[PDB]
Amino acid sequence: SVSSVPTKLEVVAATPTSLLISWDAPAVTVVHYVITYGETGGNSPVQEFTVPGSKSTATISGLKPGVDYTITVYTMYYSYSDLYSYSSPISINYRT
């Protein structure tokens, strides 16, 4: 019943070509976070990278200026019942 999804995903710093996103960890043993990003206009490929379960921030770089991006963060966590599993995502839209 403990939620495995992060919360308060937000862009805390931005340039035209990078975003510093942060979130709040869930109440679960989190092994790593997956950050996913891509152009909101479903005409571009999605990229994903893991960050350690100790970090609660990530830098997304190499972006196009003035473009709308969807940024999502989900966890790979250990619970007792499910052992390792992948949580649902928290998602934000942000335009550079």
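Sequential numbering from 1, following the sequence displayed.
**Q** Quick one: higher average CA temperature factor, 42 to 50 or 27 to 35?
**A** Here the higher of the two C-alpha B-factor means belongs to 42 to 50.
**Q** Is residue 2 in the lowest, middle or highest third of its chain when residues are ranked by C-alpha B-factor?
**A** As the PDB entry reports it, the C-alpha B-factor of residue 2 lands in the highest third of its chain.
**Q** Among the modelled residues of this chain, does the Cα B factor of residue 75 put it in the lowest, middle or highest third?
**A** According to the entry, residue 75 has a C-alpha B-factor in the chain's middle third.
**Q** Split the chain's modelled residues into thirds by Cα B-factor; is residue 12 in the lowest, middle or highest one?
**A** Its C-alpha B-factor belongs to the highest third of this chain's values.
**Q** Considering every modelled residue of the chain and its Cα B-factor in the PDB entry, is residue 87 in the lowest, middle or highest third?
**A** It falls in the middle third of the chain.
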